[PDB]
Amino acid sequence: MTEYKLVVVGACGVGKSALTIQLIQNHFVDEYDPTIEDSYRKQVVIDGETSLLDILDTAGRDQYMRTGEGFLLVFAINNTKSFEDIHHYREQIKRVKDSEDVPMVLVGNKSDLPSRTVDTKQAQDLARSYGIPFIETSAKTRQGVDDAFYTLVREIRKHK
Ligand SMILES: *CCC(=O)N1CCN(c2nnc(-c3ccccc3)c3cc(-c4c(O)cccc4F)c(Cl)cc23)CC1
Ligand SMILES: Nc1nc2c(ncn2[C@@H]2O[C@H](COP(=O)(O)OP(=O)(O)O)[C@@H](O)[C@H]2O)c(=O)[nH]1
Ligand SMILES: [Mg+2]
């Protein structure tokens with residue numbers, strides 16, 4: 001039985017809240033208040049081991065981020081600016097965590113949408129350059145949502 005502090009980061013409107021609420025409440029919330037930043041808790045079993053997840057859904061400071069054990073780097077597959085922002089979020093995290101190996105997962109959300117502007121290959125190549133996994137999600141359909149969070153827990157376990 002182990003605890004994990006997870007932090008969900010990424011540009012405004014990529015689906016941080018939608019992803020987190022899907023994980024916790026098992027339904028899709030359209031346009032969750034973009035200014036609400038809160039922590040959520042969920043107990044799960046991953047690879048046989050019971051895990052309590054403490055999840056911070058960041059919104060509109062260093063202290064909270066330093067206590068994070070792993071980070072979901074979320075962009076939206078129809079929003080190139082959010083994908084370009086990922087390297088900046090990565091840099092901010094490394095600086096506050098002291099540029100050490102920090103468990104992270106790259107998450108490409110909104111996979112249900114047709115107007116794609118970032119391809120999986122691009123995201124895989126970015127994830128490869130950081131030595132982290134890439135997971136594609138849709139908070140709307142729930143595809144990949146558990147995978148993103150569970151993969152992060154696995155990355156934290158490998159680090160610990
Ligand atoms: C629409 C409201 C929303 O969802 N917000 C979350 C994203 N917020 C935000 N914007 N910019 C930066 C940033 C990124 C790179 C360089 C400067 C500023 C944000 C950074 C962080 C952050 C910090 O400050 C430290 C460690 C890890 C981080 F992700 C956060 Cl938490 C949020 C940032 C705008 C509001
Ligand atoms: N089509 C689609 N829309 C999404 C998805 N995830 C979030 N959204 C929508 O994208 C917008 C931003 O989502 P939100 O969770 O508020 O993003 P946040 O600012 O990162 O917390 C909202 O209008 C959501 O309903 C998704 O997977 N697919
Ligand atoms: Mg939000």
Side-chain angles (χ1 to χ4, degrees), residues 4-42 53-120 122-124 126-127 129-153 155-156 159:
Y4 300 104
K5 295 173 189 291
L6 313 185
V7 183
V8 186
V9 306
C12 277
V14 299
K16 299 182 298 294
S17 294
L19 285 167
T20 304
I21 294 161
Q22 267 286 24
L23 183 75
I24 305 274
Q25 309 184 356
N26 290 286
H27 89 280
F28 175 64
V29 180
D30 197 12
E31 315 222 356
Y32 185 68
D33 187 331
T35 69
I36 297 175
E37 175 173 305
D38 205 6
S39 61
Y40 302 83
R41 275 180 263 102
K42 190 182 177 174
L53 312 184
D54 261 286
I55 302 166
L56 182 60
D57 176 23
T58 63
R61 188 53 146 175
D62 289 18
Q63 294 166 7
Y64 298 129
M65 302 290 99
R66 173 144 51 246
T67 52
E69 291 176 284
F71 298 79
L72 288 187
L73 304 172
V74 187
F75 71 97
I77 64 86
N78 68 333
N79 180 343
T80 53
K81 187 171 184 303
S82 69
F83 182 68
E84 295 182 20
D85 285 345
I86 293 292
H87 76 284
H88 301 309
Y89 282 98
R90 179 144 175 290
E91 295 323 303
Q92 295 302 139
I93 294 160
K94 285 191 157 288
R95 292 325 182 283
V96 70
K97 296 291 289 173
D98 190 24
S99 281
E100 80 199 331
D101 185 280
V102 181
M104 303 186 198
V105 174
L106 183 65
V107 177
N109 189 42
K110 312 200 187 177
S111 67
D112 59 284
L113 292 180
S115 292
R116 176 176 286 268
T117 56
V118 183
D119 290 346
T120 292
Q122 295 172 258
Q124 290 173 335
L126 183 58
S129 79
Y130 297 157
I132 69 180
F134 170 68
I135 304 290
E136 179 175 71
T137 63
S138 169
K140 185 166 178 177
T141 71
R142 213 173 187 284
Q143 194 179 336
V145 172
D146 294 328
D147 284 343
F149 286 94
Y150 289 20
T151 296
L152 182 54
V153 169
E155 290 294 303
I156 293 163
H159 181 253

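Counting starts at 1 for both ligands and their atoms, following the listed order. When a residue number appears, it is its place in the shown sequence, counting from 1. Hydrogens, waters and symmetry mates are skipped; everything else that's a heavy atom, side chains included, is used.
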Enquirer: Using a heavy-atom cut-off of under 4.0 Å, does the side chain or the backbone of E91 touch ligand 1, or both, or neither?
Expert: neither
Enquirer: State whether the number of non-hydrogen atoms from other residues, nucleotides or ligands found under 6.0 Å of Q143 atom CD is greater than 12.
Expert: no
Enquirer: Testing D147, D146, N109 for side-chain hydrogen bond (donor to acceptor under 3.5 Å, both in side chains) with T137, which one passes?
Expert: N109
Enquirer: What is the nearest protein non-hydrogen atom to atom 9 (C) of ligand 1, stated with its residue, atom name and distance?
Expert: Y89 OH, 3.4 Å
Enquirer: Give yes if a backbone or side-chain nitrogen or oxygen of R61 is under 3.5 Å from a nitrogen or oxygen of ligand 1, and no if not.
Expert: no
Enquirer: Would you check if the Mg ion (ligand 3) lies under 2.8 Å from any N, O or S atom of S17?
Expert: yes
Enquirer: With respect to atom 14 (P) of ligand 2, which of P34, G15, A76 exhibits the smallest heavy-atom separation?
Expert: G15
Enquirer: Numbering the atoms of ligand 1 from 1, which are under 4.0 Å from a heavy atom of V9?
Expert: 29 (F)
Enquirer: Under the criterion side-chain contact (heavy atoms from CB on, under 4.5 Å), I'd like the reasoning laid out for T58 against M65: C-alpha separation, chi angles, the key distance, then a yes or no.
Expert: CA-CA 10 Å; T58 63; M65 302 290 99; 3.8 Å; yes
Enquirer: Where does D30 meet ligand 2, judged by heavy-atom distances below 4.0 Å: at the side chain, the backbone, both, or neither?
Expert: both
Enquirer: Just need the protein heavy atom nearest to atom 18 (C) of ligand 1, so name the residue and atom and give the distance.
Expert: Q92 CG, 4.9 Å
Enquirer: Heavy-atom contacts under 4.0 Å between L19 and ligand 2: side chain, backbone, both, or neither?
Expert: neither
Enquirer: Can a non-hydrogen atom of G13 be found less than 4.0 Å from any atom of ligand 2?
Expert: yes
Enquirer: Taking the minimum heavy-atom distance to atom 6 (C) of ligand 1, which of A59, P34, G15, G68 ranks first?
Expert: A59
